Amino acid sequence: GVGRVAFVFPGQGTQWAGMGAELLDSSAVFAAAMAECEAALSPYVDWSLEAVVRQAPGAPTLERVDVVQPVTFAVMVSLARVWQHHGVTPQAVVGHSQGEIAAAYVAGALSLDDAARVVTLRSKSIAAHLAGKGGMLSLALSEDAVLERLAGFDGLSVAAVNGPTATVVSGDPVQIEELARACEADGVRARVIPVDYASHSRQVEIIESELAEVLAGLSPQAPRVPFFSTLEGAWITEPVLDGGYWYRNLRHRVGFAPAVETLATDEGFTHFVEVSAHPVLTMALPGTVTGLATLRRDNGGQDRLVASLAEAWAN
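Method of determination, as annotated in the archive: cryo-EM, at 2.86 Å resolution.

By the naming in the PDB entry, the chain goes by Narbonolide/10-deoxymethynolide synthase PikA1, modules 1 and 2 and is assigned to Streptomyces venezuelae. Anyone opening this PDB entry will find it titled "AT from first module of the pikromycin synthase".

See below:
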């Protein structure tokens, strides 16, 4: 059973210091793609992509969002390019939060200049207003009981429903800690996410008047590869990925489990290739679809690339 392949582009928790550094030396396609992404990013970032990846002394250390998000975007775009170089073209692409931007590029929907602009400017808005103001929390629990436990906490919301077992809430940090302590009181699993902002929450509305000002000139195109939106929760077949879409993506829930249930049950997708620097979503697909990661934390060189290609080809 292989049917169709989907490229998964995750959101948070996939970063690690030095991701792609060994791959910049090992893979010429990856290095070419990362140079192209650096050229695309440079009119916005002030820093250097390769310097951050090679952890040069005068480079940012991925601690801030306005760095870690365009770097993750570049790595995911480049890793998709590597996959396609080795014979694995996606029958579809599906993205999680910021991953959607990367998806939107590999689908052909957005151009690299526009994709880079989206990721960079949204990350800068997050760092200029959302940073240090919010919080996010992963709970090993269904969103059905989680939407119930959000009662009494108007400053919270459901940020993502990644699988039928673990959701992600996002909101005010004090209420995030309160909910985490309440879950630790009933003996449940709770993982406070190391994120100073609160994506997909209400606070994102603050940056709306900013986002529409910096993403207005976008020129989205018809997706060449099918593009399953986890915001609209369905296919995207029209050039409707403008700046408003990129605000909605950041402000509204991530419907990733709906996306994978749809692509698996309906459209015949059997293999999901998580194009990422560390797998964070493959432990959430249904038990019947194959999940294929790319790189792992600190395992991000040619060893890991050939291991992932071997696990894909054995699949």
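Draft legend 1. The arrangement of the domain arrangement of the chain in detail. One can read the domain layout of the chain as domain 1 (4-131 + 203-313) and domain 2 (135-193). Taking the mean C-alpha position of each, domain 1 and domain 2 sit 25 Å from one another. On the side of domain 2, 11 residues touch domain 1, which itself brings 11 residues to the contact. Buried surface at the junction of domain 1 and domain 2, summed over both partners, amounts to about 800 Å²; 46% is from carbon and sulfur atoms.

Draft legend 2. How the structure looks around the layout of surface pockets. The computed volume of the largest pocket comes to approximately 1300 Å³. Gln12, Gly13, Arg191, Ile193 and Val280 are the residues nearest the centre of the largest pocket, which is lined by 50 residues in total. Of all elements in the fold, only helix 4 (65-85), strand 3 (135-139), strand 4 (156-163), strand 5 (166-171), strand 6 (190-193) and strand 10 (290-292) reach the threshold of two or more residues within the lining of the largest pocket. At 4 residues, strand 4 tops the list of elements feeding residues into the lining of the largest pocket. Split by domain, the lining of the largest pocket shows at least three residues from each of two domains, domain 1 (4-131 + 203-313) and domain 2 (135-193). Space inside the second largest pocket adds up to approximately 180 Å³. Contributing to the lining of the second largest pocket are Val2, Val5, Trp83, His86, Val88, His271, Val273, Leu292, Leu309, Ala312, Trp313 and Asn315.

Draft legend 3. How the structure looks around the packing of helix 4 against helix 5 (residues 99-106). In the contact formed by helix 4 and helix 5, the axes pass within 9 Å of each other and the chain directions differ by 40 degrees. Taken together, the axes of helix 4 and helix 5 are oblique relative to one another. Pair helix 4 / helix 5 crosses with right-handed handedness. Contacts from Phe73, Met76, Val77, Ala80, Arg81 and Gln84 of helix 4 reach helix 5 at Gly99, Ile101, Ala102, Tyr105 and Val106. Classifying every residue of the contact of helix 4 with helix 5 gives 8 nonpolar, 2 polar and 1 charged.

Draft legend 4. Quick peek at the nonpolar core. Residues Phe7, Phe9, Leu49, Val71, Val93, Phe227 and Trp246 are the most contacted members of the largest nonpolar core, which totals 65 residues. Sorting elements by how many residues they give to this core places helix 4 first, with 12 residues. Other than its neighbours up to four places away in sequence, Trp246 contacts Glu100, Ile101, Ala104, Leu110, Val118, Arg122, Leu211, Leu215, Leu218 and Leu241. Listed in part, the 30 residues of the second largest apolar core include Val8, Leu130, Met136 and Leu211.

Draft legend 5. Summary view of the packing of aromatic side chains. All chains considered together, the criterion is met by 4 aromatic pairs. Ring centres of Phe7 and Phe9 lie 6.4 Å apart, and the angle between their planes is 65 degrees; this geometry places the pair in the edge-to-face category. The same class applies to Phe7 and to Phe9, which are both buried. The interplanar angle of 75 degrees and the centroid separation of 5.2 Å between the aromatic rings of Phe228 and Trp235 together place this pair among those described as edge-to-face. A residue is classified by how much of its surface remains accessible, and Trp235, at 29% relative accessible area, is partly exposed.

Draft legend 6. Summary view of the packing of helix 2 (residues 28-45) against helix 4. Across the interface, helix 2 lies against helix 4 with an axial gap of 8 Å and an inter-helix angle of 145 degrees. For the pair helix 2 and helix 4, the sense of crossing is right-handed. Between helix 2 and helix 4, the residues in contact are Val29, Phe30, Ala33, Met34, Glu36, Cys37 and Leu41 and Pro70, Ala74, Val75, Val77, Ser78, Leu79, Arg81, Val82 and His85, respectively. Of the residues in the contact of helix 2 with helix 4, the class split is 12 nonpolar, 2 polar and 2 charged.

Draft legend 7. Inspection of the pattern of salt bridges at higher detail. Applying the stated criterion to the full structure yields 8 salt bridges. Note that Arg54 and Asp25 form a salt bridge whose closest N and O atoms lie 2.4 Å from each other. One end of the pair, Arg54, is in the loop between helix 3 (49-53) and helix 4; the other, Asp25, is in helix 1 (residues 21-26), with 29 residues separating them in the sequence. Given a relative accessible area of 35%, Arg54 falls into the partly exposed group. Between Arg117 and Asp114 there is a salt bridge, and its shortest N-O distance comes to 3.7 Å. Here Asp114 and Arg117 lie together in helix 6 (residues 112-130), a separation of 3 residues that amounts to about one turn. Side by side, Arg117 and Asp114 carry an identical accessibility label, which is buried.

Conventions used here
- Residues numbered from 1 in each chain as written, not as in the entry; some residues may be left out.
- Heavy atoms only, no water.
- Domains from an automatic or database assignment.
- Contact = heavy atoms within 4.5 Å.
- Buried area = accessible area lost by both parts, 1.4 Å probe.
- 1 Å grid on protein atoms, 1.4 Å probe; cavity = no way out; pocket = protein on both sides within 12 Å on 5 of 7 lines; lining within 4 Å.
- Points joined across faces, edges and corners; volume = space filled by probe spheres on them.
- Helix = DSSP H or I, 4+ residues; strand = E, 2+ residues; numbered from the N terminus.
- Axes fitted to C-alpha atoms, helices over the stretch in contact; angles between N-to-C directions.
- Parallel < 35°, antiparallel > 145°, perpendicular 65-115°, else oblique.
- Left-handed = near helix turned anticlockwise from the far one by under 90°.
- Nonpolar A, V, L, I, M, F, W, Y, C, P; charged D, E, K, R; others polar.
- Core = buried A, V, L, I, M, F, W, Y, C linked by side-chain atoms within 4.5 Å.
- Buried < 20%, exposed > 50% of the residue type's maximum accessible area, 1.4 Å probe, protein only.
- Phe/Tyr/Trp six-rings, centres within 6.5 Å; stacked < 30°, edge-to-face > 60°.
- Salt bridge = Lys/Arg side-chain N within 4 Å of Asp/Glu carboxyl O.

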